[PDB]
Amino acid sequence: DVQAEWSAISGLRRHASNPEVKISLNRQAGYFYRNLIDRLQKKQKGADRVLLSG
Amino acid sequence: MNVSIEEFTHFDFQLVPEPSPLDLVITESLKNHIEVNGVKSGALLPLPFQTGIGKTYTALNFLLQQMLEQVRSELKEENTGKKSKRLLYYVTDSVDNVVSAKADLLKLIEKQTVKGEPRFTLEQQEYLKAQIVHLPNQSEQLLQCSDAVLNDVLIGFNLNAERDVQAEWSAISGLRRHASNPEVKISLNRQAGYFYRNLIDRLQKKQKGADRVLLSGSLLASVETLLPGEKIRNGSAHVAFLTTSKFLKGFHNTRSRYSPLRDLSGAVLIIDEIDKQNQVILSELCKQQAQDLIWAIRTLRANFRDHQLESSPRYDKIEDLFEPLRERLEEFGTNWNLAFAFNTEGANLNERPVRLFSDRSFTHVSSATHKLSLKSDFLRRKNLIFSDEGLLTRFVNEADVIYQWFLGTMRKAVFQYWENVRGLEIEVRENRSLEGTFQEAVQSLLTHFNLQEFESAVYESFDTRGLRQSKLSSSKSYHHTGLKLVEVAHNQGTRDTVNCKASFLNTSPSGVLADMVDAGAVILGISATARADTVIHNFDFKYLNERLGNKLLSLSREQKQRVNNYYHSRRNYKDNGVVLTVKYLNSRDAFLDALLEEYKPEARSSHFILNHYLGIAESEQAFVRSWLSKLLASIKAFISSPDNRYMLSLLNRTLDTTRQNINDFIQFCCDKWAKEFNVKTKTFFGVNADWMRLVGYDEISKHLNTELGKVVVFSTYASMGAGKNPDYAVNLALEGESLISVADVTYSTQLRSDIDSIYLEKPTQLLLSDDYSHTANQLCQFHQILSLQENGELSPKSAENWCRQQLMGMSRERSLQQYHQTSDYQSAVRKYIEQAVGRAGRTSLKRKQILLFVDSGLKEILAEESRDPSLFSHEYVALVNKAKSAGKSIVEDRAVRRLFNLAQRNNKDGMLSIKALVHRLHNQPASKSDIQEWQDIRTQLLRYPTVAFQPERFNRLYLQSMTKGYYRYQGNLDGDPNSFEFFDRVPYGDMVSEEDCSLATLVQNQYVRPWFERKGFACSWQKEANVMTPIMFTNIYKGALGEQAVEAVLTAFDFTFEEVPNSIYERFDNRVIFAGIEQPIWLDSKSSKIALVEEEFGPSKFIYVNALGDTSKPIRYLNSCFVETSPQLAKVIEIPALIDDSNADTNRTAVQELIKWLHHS
Amino acid sequence: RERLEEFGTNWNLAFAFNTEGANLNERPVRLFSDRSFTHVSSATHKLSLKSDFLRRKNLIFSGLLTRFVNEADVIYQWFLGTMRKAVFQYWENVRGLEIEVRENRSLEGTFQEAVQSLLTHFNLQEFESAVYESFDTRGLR
């Protein structure tokens, strides 16, 4: 479902020329960023803290 | 138009189309039902109608008869006021089949003709079509609503006066212009779903206040198109066409969410492909959310301490349903020191937590290697779980019991609220529903006690166990105790507290089906294999039979014969010369090697080709070579034919782009044999179900209606479950004389044809598995283990090992390695085959000679097919008969193995329930309820040592024996109950029989026998096939016969007996008072307990006594320490044998000695 | 804790609250008060609040209701203010430890852990979002 949301948002980007496709893209990008960053932080609070570099 | 019910006033309700044998079979069964089970009672009629005889046609024609009977009943009952409409349904798990069946029904209304004149005029055809309503999901409901409908709703309900509502609706109107982009389509679907949630929430909030917008005309029409679930509330529509998911979940109307499972009293429910619904209902039960049991119990305890419901007439009796729960909560929280939060000592739970598992009866498992206990530390004020590397499982079992007792009491109190409110007789002219009283009842009860946070859990429960209001006595299956999986981890964000997030499953899909039928529905389950013998891919019909009884209707041998006659006369293969031949394809390796050599001239060996070109791993080489040999030999024998044209090869593997080199090699082999036989071949790689759903089969449709050449399709078993005909139009121009008439010529109306070669690969991936989540998958896996153990297919040893392994991450290859050992797997294989070769048989015009190509594995499985063929399809009878004739295999009978496993499971359940019950009679005080349970067990086993038919009330006291009245068992009756073995697997062992309990000796007595025939206790074992389990015999029947015999003797000398007080229950048997003596005497009937009694009652006298034996043994006397002493100095007296072994004469000597020694006090 | 048990004894919080003879589905009672001398109420009368021990309800009948609501609000803000004092006291207690994993020690690395440990202990997890929000409207105090 993560890559369902990200696939839906990748798909919309191709049509941000339509103003109302743009409105839809903005709203969903907001919700998916809430989602993505929530899951990133849950990963980083545990033991498998991904060592970020490069 | 005003097309209304007066349009039928000159309709003749007794002209019916000349009913085909299927309609008559259904009607006979239901009229026989109503005259046996009553008028108001539900039923269930599993209809194994094979394909090709109008399954759905017959279902829709029965649906139309019920619609016309409602119209008649309205033209009659109009003098009575009782518009008691019956809801008819049509549920099935797929959206394509629901839509296609609805559109078939509208075509049936329009074109149904009787006696050359159409059955319905134009107005009647308009009326009835309005009664039918189709309920799709929320996104597809919205994207059906045109701009006019949503605008009219938004104006009428004045929601456009807000901004963000029309922001979302503007964003969704904007996307609709681009639904051609598939990814714009996916965005539009998700967004339309959320906006429909939002819109309908606001509509309902408007309609629950005083400003109920009066709906009529165009606004009513627009809301009904937005809410087809609304037409059902008004009285406008009966017939809902929906999916199982939208049936269990429930549909919306203008005021609330109608949940069809609470309102089944009198529904008629046609479930197409019923057996596939076990999996779908299972998939909905596994989705429901986990509950933290520590938050839940601490919340219940705190908020139930004071808060109270108020003493009006609405709450007229409710507060006394919640008084036992309040008392149990305060007692539980005192024992388990629930003031303090819980934390673990030791092991590292940021890596992995503790996982516990329990099926609420005898299959307990835990992931901890050690027996975790739980200790309350009053200096730290924490409750410390010794993560040791017990008592925690006892805590969690009790906490769960209390939580389910709370939810069950909320349902009892919602119905008591409903009775009280209906009796109020509120303002007239106002209809207020019953599920209208549901949400008000829930919210008023939760608001009073302050438990609003438990609202979601309460709403969800009303569909899993909620159909019940709408221990070792009672009936005791799995299919309605369910299972529980508890995962003890650290609270997220903190470093020192712990949650027990339990995930439940309070029932199985067979429990849901028999709850509907117990609740009133008339389920009509249509499927070709409705009564398969699996319990994983089908309901458990052994349980439904024991649960329902005479409500599980059936077809006689007459009616199954009549349906087979109709089937033969509609698919008359044999008379018209249509041929079926089958070839069992073994492994041929040098075959594939020669193909490989001719595929790659530069390569020097087959392994080299498989490595460098096909991408086959070296360990995987055997498997790929094997099945690729079989598949290409099937293609060879197909295109080698002159005549045959269409083949479907059914595989465990979707030959998509992922294995594209194997696709390519198959393409090249198809090419060589295509050119060699001078035939054009086309192969389709990666036909999954979706390509059929959206695009694909229109292409082979046009291919065969227009082009020359042979067609091959590759797809899987699951992929065929999309819900579509695999048929194409017969083109006589191309085919010529290659097709003939199989049916009766009288109904040859349809010019289409179907698959005419088919290759079947042996399925192995047959366990169910849910992908929804991780806990949803673990609940599916434990459901399948326990459904197999319940049924009999897994011994308790095997079921418990598999449950244990599954807690610690058993890999799916390892799950499937152990399902294959059950006979349930072979019945699910034969189900999958029997459904595969019925797709290859829909149409009414057929080839002369049909190829059914079988894997070589299926020879061993199919050969065992042993049901009665009187409803098998012709292709399946071909596969079976050609396998059977090829020579017989050595068979493990399934009923025999299944009796062995059920003997061990009934014994394990007896053993563990008894040990739990006795341990709970050692809790002081012993509850009177548990004293009653112990007494019911003993009383039942005395009056019925054997039962002639499997009892439904006390069913795990008894075990079904192979030999009537006795059996031989071998085990440690205090040891491990996985280690018993029973019936002549141990030909020498202890015996459970009337001759080893020595009941024939004891009834010879002059005093005891009148006691028995006064009490009803059976004085000699009946010779029947269900006997006491080893536990019940050794530990209760022998004890209770001894007690009754001794007390029956002691009555014969004017003792008077008393109930042993609750303080010491089971420590002592009986209490007596002897004439001339006031001192109370307790009994043991066959120093610690003497001290613990005299600690309460002081100095007293006691009896130890054995009922049967040698009466000549010396009479003994003891002090407190069980040291021998003189009778005058004694507190304890023994009678070694009160009745003679040889002649049952009363030990009058010992009676005199007992009497006198009590007089020596 | 002592003020809560005293408040709930005075105002009988064992019993839920209901109104007598008012059609609040048309218009409710709205009260307003700036916590110092500008009190206003939209009810034409001075609403009282009677605890009825036969009905086991607390009945808002035509004062004392404004006194109930003023006190209940004081107690709720006292709870949130004490949660901030206790998050700071938790932080000052933890900073000196260095167990193994305080990989930031600042005013607010210890914020979510302090909030969740204190709420989980007293069982008040449902007050979590109300505590997170407050940490900036009075939480700079």
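Cβ atoms come from the backbone with ideal geometry, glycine included; neighbour counts cover every protein chain shown. Read the figures in this text as sums done on the coordinates, not as results from a lab.
Here are some notes:
- Residue list for the stretch B:548-595, filter: among the aliphatic types (A, V, I, L, M) and surrounded by fewer than 16 Cβ atoms within 10 Å (Cβ to Cβ): B:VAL579, B:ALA590, B:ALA594
- Selected residue (criterion: nearest to B:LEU485 (Cα to Cα)) from residues of the stretch B:355-372 that are assigned to a strand (DSSP E or B) and among the hydroxyl-bearing types (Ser, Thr, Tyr): B:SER358
- Out of B:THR51, B:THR92, sole residue that is among the β-branched types (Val, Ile, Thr) and surrounded by fewer than 21 Cβ atoms within 10 Å (Cβ to Cβ): B:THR51
- Of the residues B:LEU379, B:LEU407, B:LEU384, the single one that is more than 30 Å from B:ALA210 (Cβ to Cβ), of a type in the set (A, V, I, L, M, F, W, C) and part of a helix (DSSP H, G or I) is B:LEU407.
- Residue ID - nearest to B:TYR194 (Cα to Cα), chosen from residues in the stretch B:144-168 that are charged (D, E, K, R) and more than 14 Å from every other protein chain (Cβ to nearest Cβ): B:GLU162
- C:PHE37 being closer than 18 Å to C:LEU54 by Cα and of a type in the set (A, V, I, L, M, F, W, C): no
- Some residue of the stretch B:190-203 being touching a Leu at 6+ places or on another chain (Cβ under 8 Å) and surrounded by fewer than 16 Cβ atoms within 10 Å (Cβ to Cβ): yes
- Which numbered condition B:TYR728 misses (of (1) within 27 Å of B:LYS287 (Cβ to Cβ); (2) touching a helix residue (DSSP H, G or I) at 6+ places or on another chain (Cβ under 7 Å); (3) hydroxyl-bearing (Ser, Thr, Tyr)): (1)
- The single condition among (1) among the hydroxyl-bearing types (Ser, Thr, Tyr); (2) surrounded by 13 or more Cβ atoms within 10 Å (Cβ to Cβ); (3) touching a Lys or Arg at 6+ places or on another chain (Cβ under 8 Å) that C:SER33 does not satisfy is (3).
- Identity of the residue in the stretch B:1054-1110, small (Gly, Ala, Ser) and crowded, with 20+ Cβ neighbours inside 10 Å, that ends up nearest to B:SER1161 (Cα to Cα): B:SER1085
- Exactly one residue out of B:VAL98, B:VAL71 is in contact with a helix residue (DSSP H, G or I) (Cβ under 8 Å, 6 or more places away or on another chain), buried (at least 16 other Cβ atoms within 10 Å of the Cβ) and not in a loop (DSSP other than H, G, I, E, B): that is B:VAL71.
- B:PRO228 meets the conditions (1) closer than 30 Å to B:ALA267 by Cβ; (2) more than 14 Å from every other protein chain (Cβ to nearest Cβ); (3) not in a loop (DSSP other than H, G, I, E, B) in every case but one. The failed one is (3).
- Among the residues of the stretch B:277-297, some residue qualifies, meaning at least one is under 35 Å from the mean Cα position of the chain (by Cα), of a type in the set (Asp, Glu) and either buried (at least 17 other Cβ atoms within 10 Å of the Cβ) or over 20 Å from B:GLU455 (Cα atoms) (or both).
- Selection within the stretch B:179-206 - within 13 Å of chain A (Cβ to nearest Cβ) and charged (D, E, K, R): B:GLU183, B:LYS185, B:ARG190
- Taking the listed residues C:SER106, C:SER117, the one that is within 11 Å of chain B (Cβ to nearest Cβ) and among the polar types (S, T, N, Q) is C:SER117, with no other qualifying.
- When the helices (runs of 4 or more DSSP H) confined to the stretch B:830-943 are screened for residues that are over 31 Å from the mean Cα position of the chain (by Cα), those reaching at least 3 such residues are found at B:874-884, B:894-921, B:928-943.
- Within the stretch B:264-286, none of the residues are in contact with a strand residue (DSSP E or B) (Cβ under 6 Å, 6 or more places away or on another chain), within 14 Å of chain C (Cβ to nearest Cβ) and assigned to a helix (DSSP H, G or I).
- The lone criterion from (1) more than 12 Å from every other protein chain (Cβ to nearest Cβ); (2) under 25 Å from B:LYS382 (Cα atoms) left unmet by C:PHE127 is number (1).
- Filtering the stretch B:688-724 to residues that are in a loop (DSSP other than H, G, I, E, B) and within 19 Å of B:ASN644 (Cα to Cα) leaves B:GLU707, B:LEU708, B:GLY709.
- Total residues in the stretch B:340-354, condition outside any loop (DSSP other than H, G, I, E, B) and surrounded by fewer than 17 Cβ atoms within 10 Å (Cβ to Cβ): 2
- Residue tally, condition in contact with a strand residue (DSSP E or B) (Cβ under 7 Å, 6 or more places away or on another chain) and within 14 Å of chain A (Cβ to nearest Cβ), over the stretch B:337-373: 4
- Selected residue (only one of A:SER17, A:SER24 is more than 7 Å from every other protein chain (Cβ to nearest Cβ) and of a type in the set (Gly, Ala, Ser)): A:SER17
- Residue check for B:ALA171: of a type in the set (A, V, I, L, M), surrounded by fewer than 14 Cβ atoms within 10 Å (Cβ to Cβ) and within 14 Å of chain A (Cβ to nearest Cβ): no
- Test: residue in the stretch A:37-45 that is more than 7 Å from chain B (Cβ to nearest Cβ), of a type outside the set (D, E, K, R) and surrounded by 13 or more Cβ atoms within 10 Å (Cβ to Cβ): no
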